[PDB]
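**Q** Here it is, the structure in full.
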Protein chains: 4
Amino acid sequence: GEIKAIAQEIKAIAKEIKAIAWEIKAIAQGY
Amino acid sequence: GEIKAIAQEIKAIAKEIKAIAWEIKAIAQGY
Amino acid sequence: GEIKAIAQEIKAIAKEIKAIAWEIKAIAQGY
Amino acid sequence: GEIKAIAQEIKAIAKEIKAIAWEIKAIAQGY
């Protein structure tokens with residue numbers, strides 16, 4: 001139900017945040 | 001309903017973190 | 001029980017991530 | 001069930017994002 005829907009949405013946002021964090025790490029280390 | 005409320009809190013803080021990550025990704029390319 | 005605890009644990013880690021993201025943002029801004 | 005499994009997935013991605021955020025702060029601080 002609703003709690004499963006909300007948990008799938010949080011997992012999608014968490015995977016988006018992790019992809020942006022790896023992009024930021026690339027810029028911080030310059031490669 | 002108590003677990004759904006904590007999941008909605010988590011989704012809000014995840015959207016806040018994604019917003020800040022986008023602000024960093026912009027700034028860190030000189031945008 | 002356990003599902004409420006896992007949700008509380010996620011919320012605490014998300015708050016920690018948000019605090020680190022603000023610190024990273026300040027450096028990215030030049031401060 | 002599925003809610004517990006997605007919650008444990010979220011908590012593992014959150015801990016990966018916290019680790020990358022601390023790696024980015026280390027690199028930006030020259031630690």
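Ordering of the structure tokens sets the chain letters (A, B, ...); residue numbers start at 1 within each chain; ligands are numbered from 1 in the order shown.
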Using only C-alpha atoms, determine which residues of chain D fall within 12 Å of chain B; present them as a PyMOL selection string.
**A** chain D and resi 3-4+6-7+10-11+13-14+17-18+21+24+28
**Q** If chain B is fitted onto chain A by least squares over all C-alpha atoms, taken pair by pair in sequence order, what do its new coordinates look like as a compact mmCIF listing (two decimals) with N, CA, C and O atoms, in the first residue's frame?
**A**
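Final output, superposed_19.txt:
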```txt
# COMPACT_ATOMS: atom_id res chain seq x y z
N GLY B 1 0.29 -0.95 0.77
CA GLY B 1 0.71 -0.52 -0.57
C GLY B 1 0.96 0.98 -0.56
O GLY B 1 1.89 1.36 -1.28
N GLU B 2 0.30 1.79 0.25
CA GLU B 2 0.58 3.23 0.21
C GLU B 2 1.94 3.50 0.83
O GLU B 2 2.73 4.27 0.27
N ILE B 3 2.26 2.82 1.91
CA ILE B 3 3.60 2.99 2.53
C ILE B 3 4.64 2.41 1.58
O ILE B 3 5.73 3.02 1.41
N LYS B 4 4.42 1.28 0.91
CA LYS B 4 5.40 0.73 -0.03
C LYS B 4 5.66 1.73 -1.16
O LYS B 4 6.85 1.86 -1.53
N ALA B 5 4.65 2.45 -1.64
CA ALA B 5 4.87 3.40 -2.70
C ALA B 5 5.74 4.55 -2.19
O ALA B 5 6.64 4.94 -2.99
N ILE B 6 5.51 5.03 -0.97
CA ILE B 6 6.38 6.11 -0.48
C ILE B 6 7.80 5.54 -0.32
O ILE B 6 8.78 6.24 -0.62
N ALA B 7 8.00 4.32 0.17
CA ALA B 7 9.35 3.73 0.30
C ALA B 7 10.01 3.63 -1.04
O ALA B 7 11.20 3.94 -1.13
N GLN B 8 9.30 3.25 -2.10
CA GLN B 8 9.91 3.16 -3.42
C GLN B 8 10.29 4.59 -3.87
O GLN B 8 11.37 4.71 -4.47
N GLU B 9 9.51 5.61 -3.55
CA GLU B 9 9.84 7.01 -3.95
C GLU B 9 11.15 7.34 -3.24
O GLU B 9 12.06 8.00 -3.83
N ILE B 10 11.20 7.05 -1.94
CA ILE B 10 12.43 7.36 -1.16
C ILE B 10 13.64 6.66 -1.74
O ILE B 10 14.73 7.27 -1.86
N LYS B 11 13.55 5.40 -2.11
CA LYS B 11 14.67 4.66 -2.68
C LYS B 11 15.13 5.33 -3.98
O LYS B 11 16.35 5.46 -4.20
N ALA B 12 14.18 5.78 -4.79
CA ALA B 12 14.55 6.48 -6.04
C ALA B 12 15.31 7.77 -5.75
O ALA B 12 16.36 8.03 -6.40
N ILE B 13 14.87 8.53 -4.77
CA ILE B 13 15.52 9.86 -4.50
C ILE B 13 16.85 9.51 -3.87
O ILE B 13 17.85 10.19 -4.18
N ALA B 14 16.98 8.49 -3.02
CA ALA B 14 18.32 8.12 -2.47
C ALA B 14 19.31 7.69 -3.55
O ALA B 14 20.43 8.19 -3.49
N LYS B 15 18.85 7.02 -4.60
CA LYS B 15 19.75 6.63 -5.69
C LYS B 15 20.16 7.89 -6.45
O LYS B 15 21.33 8.00 -6.88
N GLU B 16 19.26 8.86 -6.55
CA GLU B 16 19.55 10.14 -7.25
C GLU B 16 20.59 10.91 -6.45
O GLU B 16 21.54 11.50 -7.01
N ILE B 17 20.42 10.98 -5.13
CA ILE B 17 21.41 11.67 -4.30
C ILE B 17 22.75 10.97 -4.39
O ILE B 17 23.81 11.62 -4.47
N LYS B 18 22.82 9.64 -4.35
CA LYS B 18 24.08 8.90 -4.47
C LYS B 18 24.74 9.23 -5.80
O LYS B 18 25.97 9.39 -5.85
N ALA B 19 23.95 9.31 -6.86
CA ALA B 19 24.53 9.65 -8.18
C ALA B 19 25.19 11.02 -8.15
O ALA B 19 26.30 11.23 -8.67
N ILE B 20 24.54 12.02 -7.57
CA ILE B 20 25.10 13.35 -7.51
C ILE B 20 26.31 13.34 -6.61
O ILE B 20 27.32 14.01 -6.88
N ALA B 21 26.29 12.62 -5.48
CA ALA B 21 27.48 12.57 -4.64
C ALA B 21 28.70 12.00 -5.38
O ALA B 21 29.77 12.55 -5.23
N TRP B 22 28.47 10.96 -6.19
CA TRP B 22 29.56 10.40 -7.01
C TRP B 22 29.98 11.44 -8.01
O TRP B 22 31.18 11.49 -8.28
N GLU B 23 29.08 12.21 -8.59
CA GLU B 23 29.52 13.23 -9.57
C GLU B 23 30.37 14.25 -8.85
O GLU B 23 31.43 14.67 -9.36
N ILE B 24 30.08 14.63 -7.60
CA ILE B 24 30.86 15.61 -6.90
C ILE B 24 32.22 15.03 -6.56
O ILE B 24 33.21 15.74 -6.70
N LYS B 25 32.26 13.78 -6.09
CA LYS B 25 33.48 13.13 -5.62
C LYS B 25 34.42 13.08 -6.82
O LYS B 25 35.58 13.44 -6.63
N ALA B 26 33.94 12.89 -8.04
CA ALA B 26 34.81 12.80 -9.22
C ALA B 26 35.39 14.20 -9.49
O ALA B 26 36.62 14.42 -9.53
N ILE B 27 34.45 15.12 -9.70
CA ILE B 27 34.81 16.49 -10.08
C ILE B 27 35.79 17.05 -9.07
O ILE B 27 36.66 17.86 -9.44
N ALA B 28 35.67 16.73 -7.78
CA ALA B 28 36.40 17.44 -6.74
C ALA B 28 37.79 16.86 -6.60
O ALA B 28 38.56 17.28 -5.73
N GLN B 29 38.15 15.93 -7.46
CA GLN B 29 39.53 15.47 -7.47
C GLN B 29 40.11 15.80 -8.84
O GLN B 29 41.24 15.46 -9.19
N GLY B 30 39.33 16.56 -9.61
CA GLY B 30 39.86 16.99 -10.90
C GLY B 30 39.56 15.94 -11.96
O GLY B 30 40.21 15.94 -13.00
N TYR B 31 38.60 15.05 -11.68
CA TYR B 31 38.07 14.12 -12.67
C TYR B 31 36.76 14.66 -13.25
O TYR B 31 35.83 13.91 -13.56
```
**Q** Just list the residues in chain B DSSP gives helix (DSSP H, G or I) on the backbone, as a VMD selection string.
**A** chain B and resid 2 to 27
